[PDB]
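This document opens with one chain alone, in structure tokens, the form solved without Hexa Vinylpyrrolidone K15 (QQ4).
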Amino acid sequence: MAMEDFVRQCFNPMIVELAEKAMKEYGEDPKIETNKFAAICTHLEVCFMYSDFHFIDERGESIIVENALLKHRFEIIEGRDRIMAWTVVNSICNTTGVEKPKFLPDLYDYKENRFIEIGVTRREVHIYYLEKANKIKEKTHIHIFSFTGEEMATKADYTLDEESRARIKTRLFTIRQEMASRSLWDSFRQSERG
């Protein structure tokens, strides 16, 4: 199996289409930078999984419920074009009064009233965390996940319940096991760069 076919069989076609456009528009070919194609899809998938099933009930408390339900706990900013991402961020700042970040985050959490930056790493978790805290310098909460099961989050506050975190980590565990059984893991593990 080529990594390219792996990606197209592993991820939802919606994630794949978004990832393909992002690479071409930035001048990269998903048929050439295949590990980067798989990394883009993975990060996107985790941002969507992170918002999945989370709403805010009548008490303003966080509920899980698995479109038709309109009180979402997170606004998804990743995946949008920059015009619309900045439009959503401004409207959130306009209406909750949080500070406008200088870099685009991945999500807004309406319960804690903060932006969130998500990282998914195959290197030691401190690394992606540092790369991101360097640029945020910083009301933007950071949460990194790894393919080994470790996480690192600002002030050791993981935002989500244990079960949602275990679902993300299970998904990453499966993605690693299936790449490994096809001899793709080693190359993917080595390709991440700072």
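Numbering starts at 1 and runs along the sequence shown.
Only in words, not in the display: the form solved in complex with Hexa Vinylpyrrolidone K15 (QQ4), which the text now covers.
Within 4.5 Å of some heavy atom of Hexa Vinylpyrrolidone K15 (QQ4) in the bound PDB entry lies at least one heavy atom of residue 51. Within this chain, residue 12 lines the site of Hexa Vinylpyrrolidone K15 (QQ4) in the bound PDB entry, having a heavy atom no more than 4.5 Å away. Although the partner is absent here, residue 78 lies within 4.5 Å of Hexa Vinylpyrrolidone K15 (QQ4) in the bound PDB entry, judged by heavy atoms. Of the heavy atoms in residue 18, some are within 4.5 Å of Hexa Vinylpyrrolidone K15 (QQ4) in the bound PDB entry.
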